[PDB]
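*Asks:*
Protein chains in written order, with PDB author numbering: chain D, 5 to 176; chain H, 5 to 176; chain G, 5 to 176; chain E, 5 to 176; chain F, 5 to 176; chain C, 5 to 176.
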């Protein structure tokens, strides 16, 4: 037992650990995507700029959770990071409709973090999850949804220009 | 009965009261449109920025009329602000033409307002209407007209890309 | 059903739409008061200024709610905004006791809305309601209580003079 | 006994400990008034501001004594700080006459202190109270004097209106 | 009755008055500690600066609670400030352990406060408690914790060199 | 095969990929250490500041490697990151003896990478490895060794204080 721990459940410490692993997997996924778009066979610089920046703040999301662990007196237990499923993300829209599938999955996983803390009656943990993660995660989910409908809407016929112009104008 | 009233007809009042309702109607529909393009399945952030700007300045057209009514001694009697008969504005061209149909409607009611004032023979109010509304509205209509024909020239095949580029370059 | 939607109940969707009608209604009411004090037979420019400022950011409250909806994947369904129950607000004390009575009622809407979200397990809507409206709303009822109470204490019937000075010194 | 203690009587050591409780008492009482006018049924923002600054200063008189205690080698012995005899201060005039009554009681206590030190042969302790406390305390008591007289003179049955204006022009 | 009160239980009003006493209690013990370290036989300047600063922000925590009672229509009933049970805090880490023991006590008092408010279904008071107090209190407890361990890992033989160096490098 | 590729062997394609995994491992190892030192049972602000900085730049090092693969026409194949064997890094000296052990291993894998490029006769890859890594590696092993001998030397007896002062003076 720690010297700082106070109303911090046995279950909720083990829980945010998993969440730590989650958003690291996700930043890993993001740089796997971002260095795919800098390939000489896709060459969409601003896409890469976009997915790398998304990756860099999911590592920030991960670190901020790691502080909260230390702040509440719990103890961090690192776990391995699994490689993203895809190694080649096909198109530029598949990448965006696949990123949307991912942060919708962490948001899922973020809501169960909340309702666990809502039921082991940890008000602090719940304020932390509302302010720092939940509206950021919805605002993100909104940004990726806009991107896919804007891409799909230029579908198709010219298409390869569609994603080109999209890269230069919407991520530039 | 009033201290300030002087040559302010019993029905140039009833008309200005009505004209106020119209400009509140137009501001409502513009908010209806502006948050329609703010949808994740429509996702044209500059169309939204555009109609939201019209929603404000038609509203400040409306409160500029309320000012004037108090100024001549007639008294505002507000009415209900009916709902836009549309919920789904389908596309970006439909929105602009259906908007253009509206500004022709406020201009035709503003022109009737002028003549009612030329026939209850109030020199002052007609300068007020031509100064603040008429050239404002023909400016408006020509600006609505150009946009409409440009979206049309980007017609037929393609199209969804059309709406996009117009969003980036004519509303940026 | 929309791409972004995740943990957004059809009951919290209808509820915010009812709540948007509320805040547009309220701003309309403040607008009706604001040009009431612009009359030459009441003539309190700073009462006019004050309620006009209140009108301008229940509209900013209404948009913040409409945008919040697009963000969670719901769709907006606008309704008519009805006329305020009064055309003549009688006094400056009467005006502020009807304002206080109004934001006490918008509050029960905000509180039932918050308890509608607390028992459909949507933590995000609650923080949005907690952060952006709930304390914003009791800072208003408190201010309205202050102003109601100052007008009542001095009044007695030193007469209208009470009201003039209040305009100059607390509302200037 | 300290290495620093030198010509510091055990009788004037206990007396300054008694004097610390007093100024902490007065600060608590001034704080108790300060939020009295923060109530919505009293609503004098600047009465609240005024007494809030006064509590912020006798409590800063209090550490000036506790610092002085360690400087002369004595040892502080803290006691409880008592609930003010009054929870509802009735008036703005009533407030300013218990405020005057208290600083007169703090003074009698400061003057009794100065004669304990001039007669236990402490030249230093007397300048300390002369320089830092005595004339500040008469400039308070005189100013508690004006305000009471100003409130009384105009309180002549115009009533609550007298109080509002005093808040704005003498405490602004 | 009170003309702002809206969804504020008399039991949640009884509780904050209770809580107001605590942080006035907390500030009182900090003033007892910091002026203990201002003694010529303990003489740790930055320790004295530290608890004096804590004594302030708890007194600022406390008077912010009083503002919340008035905005909601519940009325402050001040109580006595009982004296800290310690007079000689012995040591530099005895004083810190004993503080860490205290802020866990206020943090437990605020968590009971937060959940009595979750039971009388007060959405507003909970956002006030988590945003203004809980994360404040866990930031504090973790800060009391690091210092406690660092003063310990400098323990055993030498020591006091410990207190001195820690005063100079971690609190300077 | 790739449009850009020229004098880039399939053995060095697999080789750089492997090396990528390594330094993300080291990057993983470094955060894991740094949030060990932010614990209330270690409480060394600046050790964390230092290990978090190193974890932040082995990932900079790793992304630099991934850009070069895209630069030369090979294709990145990411794999999983194994958790550091340690979860608790013991002392601050053990931690730096263990970091020194870590970068001395990647240097050895980094020079093995270099001698594969001089034997598959690829000048550019060796320049890339010479300029960007190999001296950065020695400047790194030199600094960790400096820290280790400063820590050993100094805490030969009365320790913990040793490690405390080292945190404040060499990592500030």
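Ideal Cβ positions, reconstructed from N, Cα and C, are used throughout, including at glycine.
1. Tell me whether residue 149 of chain D is buried or exposed, calling it buried when 16 or more other Cβ atoms sit within 10 Å of its Cβ.
2. For a contact meaning CB atoms closer than 8 angstroms, what does residue 84 of chain E contact in chain F?
3. So, helix, strand or coil for residue 20 of chain G, using DSSP?
4. Tell me the DSSP bridge mates of residue 85 of chain D?
5. Do residue 10 of chain D and residue 133 of chain F count as a contact pair if the criterion is CB distance below 8 angstroms?
6. Of all Cβ atoms in chain D, is any one closer than 8 angstroms to the Cβ of residue 43 of chain C?
7. Can you tell me where the alpha helix (DSSP H) with residue 11 of chain H in it begins and where it stops?
8. Name the chain G residues that come within less than 7 angstroms of residue 76 of chain F, Cβ to Cβ?
9. Hey, would you say the C-beta of residue 37 of chain F is under 7 angstroms away from at least one heavy atom of the ligand ADP?
10. Distance cutoff 8 angstroms, beta carbons only. Does residue 13 of chain F sit that close to anything in chain G?
11. Against residue 150 of chain G, what residues of chain E qualify as contacts under a CB-to-CB distance less than 8 angstroms, listed in chain order?
12. Do residue 97 of chain C and residue 20 of chain C have their CB atoms nearer than 8 angstroms?
13. Under 8 angstroms Cβ-Cβ, which residues of chain H neighbour residue 168 of chain G?
14. Please report how far the alpha carbon of residue 102 of chain E lies from the alpha carbon of residue 30 of chain E, in whole angstroms.
15. Starting from the C-beta of residue 124 of chain G, find all residues in its chain whose C-beta is less than 7 angstroms away, skip the five residues before and the five after it, and write them out in chain order.
16. Measuring only the C-alpha atoms, how far is residue 50 of chain C from residue 172 of chain C?
17. What's the call for residue 116 of chain D, buried or exposed, on a 16-neighbour Cβ count within 10 Å?
18. Taking all protein chains shown into account, decide if residue 57 of chain G is buried (16 or more other Cβ within 10 angstroms of its Cβ) or exposed.
19. Would the stretch 33 to 52 of chain E count as touching the stretch 158 to 174 of chain E if we require 3 or more Cβ pairs under 8 angstroms?
20. Skipping 5 residues on each side, what residues in its chain have a beta carbon closer than 8 angstroms to that of residue 77 of chain H?
21. Please give the ranges of any alpha helix (DSSP H) in the stretch 63 to 140 of chain D, keeping only runs that are unbroken, at least 4 residues long and fully inside the region.
22. Within the same chain, show all residues whose beta-carbon is closer than 8 angstroms to that of residue 95 of chain D, passing over the 5 residues directly before and after it, in chain order.
23. Among F:119, F:126, F:110, which one has its Cα closest to the Cα of residue 139 of chain G?
24. Can you confirm whether residue 71 of chain F, when its beta carbon is compared against all beta carbons of chain E, has any partner nearer than 8 angstroms?
25. In three-state DSSP terms, what is residue 55 of chain D?
26. With distance defined between alpha-carbon atoms, name the residue in F:86, F:81, F:89 nearest to residue 90 of chain E.
27. Thinking just about the alpha-carbon of each residue, which of D:55, D:141, D:161 is nearest to the one in residue 37 of chain D?
28. Please report the distance separating the alpha-carbon of residue 73 of chain C from that of residue 24 of chain D.
29. Since residue 62 of chain D and residue 34 of chain D are thought to touch, with beta carbons under 8 angstroms apart, how far apart are those beta carbons, to the nearest angstrom?
30. Excluding the 5 residues flanking residue 114 of chain G on each side, which residues of the same chain have their C-beta closer than 7 angstroms to its C-beta?
31. Beta carbons nearer than 9 angstroms to chain G: which residues of the stretch 122 to 147 of chain D have them?
32. Out of curiosity, what's the CA-to-CA distance linking residue 92 of chain C and residue 27 of chain D?
33. Using alpha carbons as the reference points, say which of H:99, H:84, H:45 lies closest to residue 79 of chain G.
34. Any beta carbon of chain C sitting closer than 8 angstroms to that of residue 153 of chain F?
35. Using three-state DSSP, classify residue 38 of chain C as helix, strand or coil.
36. Roughly how many angstroms separate the alpha carbons of residue 88 of chain E and residue 64 of chain F, rounded to a whole number?
*Replies:* Reading it off the structure:
1. buried
2. 84, 85, 86, 87
3. helix
4. C:85
5. no
6. True, the Cβ-Cβ gap to chain D drops below 8 angstroms.
7. Segment: none, residue 11 of chain H is in no alpha helix (DSSP H) and carries neither H nor E.
8. 142
9. This structure lacks the ligand ADP, and indeed carries no ligand of any kind.
10. no
11. Near residue 150 of chain G (Cβ distances below 8 angstroms), the residues of chain E are 44, 47, 49.
12. The answer is no: Cβ separation not under 8 angstroms.
13. Within chain H, no residue comes near residue 168 of chain G; the closest Cβ sits about 18 angstroms away, beyond 8 angstroms.
14. Distance between the alpha carbons of residue 102 of chain E and residue 30 of chain E: 11 angstroms.
15. 13, 15, 16
16. 7 angstroms
17. exposed
18. exposed
19. yes
20. 6, 7, 8, 9, 10, 12
21. 96 to 123, 127 to 133, all fully within the stretch 63 to 140 of chain D.
22. Beyond the five residues adjoining it in sequence on each side, residue 95 of chain D comes within less than 8 angstroms, by CB distance, of 167 in the same chain, given in chain order.
23. F:126
24. yes
25. helix
26. Considering only F:86, F:81, F:89, the residue with the shortest C-alpha distance to residue 90 of chain E is F:81.
27. D:55
28. Going by C-alpha positions, residue 73 of chain C is about 29 angstroms away from residue 24 of chain D.
29. The C-beta distance from residue 62 of chain D to residue 34 of chain D rounds to 6 angstroms, short enough to meet the 8 angstroms contact threshold.
30. 133, 137, 138, 141
31. 122, 130, 131, 133, 134, 135, 138, 139, 141, 142, 143, 145, 146
32. Cα to Cα, the separation comes out at about 22 angstroms.
33. H:45
34. It does: the Cβ of residue 153 of chain F has a partner Cβ on chain C nearer than 8 angstroms.
35. helix
36. 20 angstroms
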